[PDB]
Every structure is written in C-alpha cells, then in structure tokens.
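Residue numbers (full-length UniProt numbering), protein chains in the order written: chain U, 36 to 88, 92 to 135, 145 to 169, 181 to 198, 222 to 233, 247 to 281; chain B, 36 to 88, 92 to 135, 145 to 169, 181 to 198, 222 to 233, 247 to 281.
For each residue, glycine too, the CB sits at the ideal point set by N, CA and C.
Encoded as structure tokens, the structure appears first; notes follow it.
There are 2 protein chains.
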Amino acid sequence: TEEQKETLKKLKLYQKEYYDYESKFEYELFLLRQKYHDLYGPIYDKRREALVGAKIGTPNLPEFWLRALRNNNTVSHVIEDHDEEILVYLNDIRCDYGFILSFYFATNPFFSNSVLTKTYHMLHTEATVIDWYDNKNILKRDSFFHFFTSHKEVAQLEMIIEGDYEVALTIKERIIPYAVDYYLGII
Amino acid sequence: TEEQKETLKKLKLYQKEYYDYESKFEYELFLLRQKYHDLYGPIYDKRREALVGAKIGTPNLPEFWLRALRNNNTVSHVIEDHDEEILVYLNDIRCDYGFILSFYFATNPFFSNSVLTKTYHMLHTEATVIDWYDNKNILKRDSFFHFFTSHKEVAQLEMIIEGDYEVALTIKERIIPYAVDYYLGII
C-alpha cells in the first residue's frame with residue numbers, strides 16, 4: 036500500500052544516512068589504527084636494536103623469540119622439539135599491513160633465507187619457500226615451518255587455513271605486541 | 036648474565052612504553068565508538084518514529103521486525119512458526135551500552160510486558187522474565226523467547255551461552271544497524 040510505501044522510502048533514506056556515518060566511522064577507524072601502527076613501529080625497532088645488537095639469533099638475550107613463542111598456548115602447539123634449533127636463530131618478527148608477517152633469521156645451517164615472510168590477503183596466503191640446505195630439511222614429520230605454504247570433504251582446506259590463520263593472528267596480535275611478557279612467562 | 040639483564044631492563048622499558056600507547060589507543064577507540072553510537076541514535080529513533088507512528095507492532099509497515107529477523111541466517115534458526123504471531127507485535131528493537148538489548152512490544156494477547164530487555168555483562183546475562191497471560195505460554222517446545230533466560247559435561251553451559259550470545263550479537267550488530275535491508279531481503 037502507498038502509505039506503507041511512503042514509510043519504506045523514509046526507512047531507505049535513514050538507512051543511506053546510516054551508511055554515511057558507518058563510512059566516516061571506518062575511515063576514522065583506519066586513521067586511528069594507522070596512527071598507532073606508526074607509534075608502535077619505533078618501539079619494535081628499539082626492542083630489535085637491543086636484542087640483535092652475529093651467527094646466533096638475538097645475541098644480547100639468546101633464545102628470545104623461541105621462549106616468547108614457547109610460552110604461548112596457541113603457538114606452542116605447532117612448535118616441535120626439532121624446530122627449536124632453528125628458531126634460536128630468529129632475530130626479529132615483524133608485521134606490516145591484509146598483513147605480511149616477517150621472520151628475520153641470522154645465518155644458520157638450515158636455510159639461506161634471511162627473511163621468511165608470510166602474506167595474508169584479506181582469500182589467499184603467500185609464504186616464501188624455505189631454502190633448505192642439503193640434509194637439513196626438518197620437514198623430513223610435523224614442523225612449525227609447515228607454516229610457510231601458500232593456499233587459497248573440503249574440510250581439509252578449511253582446517254589447514256583455520257589453524258594456520260589462528261597462529262598468524264596470535265603472532266600478529268599477541269606475540270609481536272607483548273613479546274617480552276611471554277618470554278618472562280608472565281602472560 | 037648482567038649484560039643480558041641490561042638488555043632485559045631495556046625490553047621491559049619499551050614494553051611499558053608500548054602499554055602506554057595501547058592505553059591511549061583503546062581510549063581513543065572508546066571515544067570513537069561512543070561518538071558514533073550517538074550519531075546512530077537519532078536515525079534509529081527516526082526509523083522508530085516512522086514505523087510505530092495502536093495494538094499491532096510497526097503499524098505503518100506491518101510485520102517489519104519479523105521479516106527483518108526472518109531474513110537473517112543466524113536468527114531465523116531460533117524463530118519458530120509459533121513465535122511469529124507474537125513478533126508481529128514488536129514495535130522496536132534497541133541497544134544501549145557490555146550492552147542491553149531491548150525489545151519493545153505493542154500490547155498483545157501474550158504478555159503484559161511492554162519491554163523485554165536482555166543484559167549481557169562482559181560473565182552473566184540478565185533477561186526480564188516474560189509475563190505470559192493464562193493459556194498463552196508458547197514455551198509450552223522451542224521458541225525464540227527462550228532467549229529471555231538468565232545465566233552465568248559443562249558443555250551444555252557453554253553451548254547455550256554460545257548460541258544465545260551469537261544471536262545477541264547479530265541483533266546488536268547486524269539487525270539493528272541494517273534492519274530495513276534484511277526486511278527487503280537484500281542482505
């Protein structure tokens with residue numbers, strides 16, 4: 036009916052209006068997040084300066103990122119005993135804007160890579187293929226480093255992308271912000 | 036070692052510093068959310084003015103909130119055929135700051160309540187007990226209105255609070271913001 040139709044025009048009007056504000060919101064929200072990503076930036080670098088100061095990772099406080107990781111519930115699960123002698127070489131873990148997780152390694156017997164990146168587009183993931191040296195491929222079993230695969247009855251294709259994504263977020267949001275607190279065992 | 040200890044002091048220092056910024060963040064984040072809750076406010080009222088203009095809900099566009107709800111995947115599940123003749127009496131759904148969901152009803156044959164609220168503390183939920191009139195208690222089976230319970247092998251005590259909380263969020267965040275779009279069947 037036309038009277039109902041007149042109501043509905045008004046309701047569409049108020050809903051567009053709504054969308055205008057939700058727009059300004061998300062915009063003001065992007066702004067706030069970027070503002071603070073750049074405020075964190077410097078602190079992460081200071082931490083990195085301090086630790087990395092060499093052919094062992096984080097020489098000024100050996101095994102840093104390892105214990106940090108070990109002391110996280112979600113991440114500890116994926117980290118096997120045989121991964122540990124590689125992770126001790128980890129210099130820094132960084133995150134850039145979805146996002147690209149970067150793992151910086153000191154020179155090691157295991158691979159030539161100085162950086163293992165993992166990109167999550169937010181859809182598909184892009185991780186750099188590891189440069190395993192001869193007889194040094196620990197994947198030969223389960224390993225934290227199976228993390229560095231690219232992806233896009248199908249339950250196997252969710253679960254892998256479900257648990258691998260859950261790890262990425264932890265690292266992105268728990269480990270990177272509060273690294274030393276995990277290391278201390280105080281979270 | 037003392038040299039490692041000096042590193043660790045620095046790392047605690049930079050982590051406090053971090054916490055200072057995450058503080059300012061969340062504060063600037065509260066601000067932004069409140070700013071916009073108050074910007075939405077007026078639009079929700081206009082929508083409510085328009086619809087509610092009576093002994094049937096939303097008289098200027100009958101069955102509004104019902105179709106809005108029906109057209110939501112998550113919520114439609116909990117809404118049974120026998121609930122519908124009550125929901126047609128729903129005038130408005132509002133949300134105040145965790146949060147308190149409010150369902151405003153036109154006078155109906157089913158209960159005396161003009162408002163059924165549900166509070167989620169964010181822990182425990184507090185919903186108002188319905189004032190079922192004699193021989194009008196549709197709970198006597223499953224009903225959307227089982228939603229109006231208070232809560233705090248234990249898998250039953252999560253699942254109930256898990257699915258009931260999922261509904262609340264939808265209503266809070268999907269239905270309330272985009273009500274007319276669900277109604278239209280365009281989301």
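query, result
"Rounded separation between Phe-102 of chain B and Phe-65 of chain U - CA only", "34 Å"
"Neighbouring residues, chain B, relative to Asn-98 of chain U (Cβ below 8 Å)", "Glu-38, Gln-39, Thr-42"
"Outcome for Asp-130 of chain U when other beta-carbon atoms lying within 10 angstroms are tallied against a minimum of 16", "buried"
"Residue-level contact to chain B via CB, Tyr-53 of chain U, 8 Å cutoff", "yes"
"Continuous alpha helix (DSSP H) stretch holding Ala-262 of chain B: start and end", "249 to 264"
"Within 8 Å, strictly: CB atoms of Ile-269 of chain B and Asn-110 of chain B", "yes"
"Cβ neighbours of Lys-266 of chain U in the same chain (closer than 8 Å, five flanking residues each side left out)", "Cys-133, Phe-146, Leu-148"
"Closer than 7 Å at the beta carbon, the chain U residues around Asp-275 of chain B", "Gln-50"
"Backbone secondary structure at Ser-149 of chain B - three-state DSSP", "strand"
"Closest residue to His-115 of chain U among U:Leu-99, U:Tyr-167, U:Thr-264, U:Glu-38 (Cα-Cα distance)", "U:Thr-264"
"C-beta neighbour in chain B for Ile-78 of chain U, strict 8 Å", "yes"
"Alpha-carbon to alpha-carbon, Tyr-56 of chain U and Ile-280 of chain B", "20 Å"
"Proximal chain U residues relative to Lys-45 of chain B, where beta-carbon distance stays under 7 Å", "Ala-85"
"Environment of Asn-193 of chain B [buried if 16+ CB atoms lie within 10 Å]", "exposed"
"Partner residues on chain B for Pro-156 of chain U, Cβ-Cβ distance less than 7 Å", "The contacting residues do not exist; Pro-156 of chain U stays about 24 Å from chain B at best."
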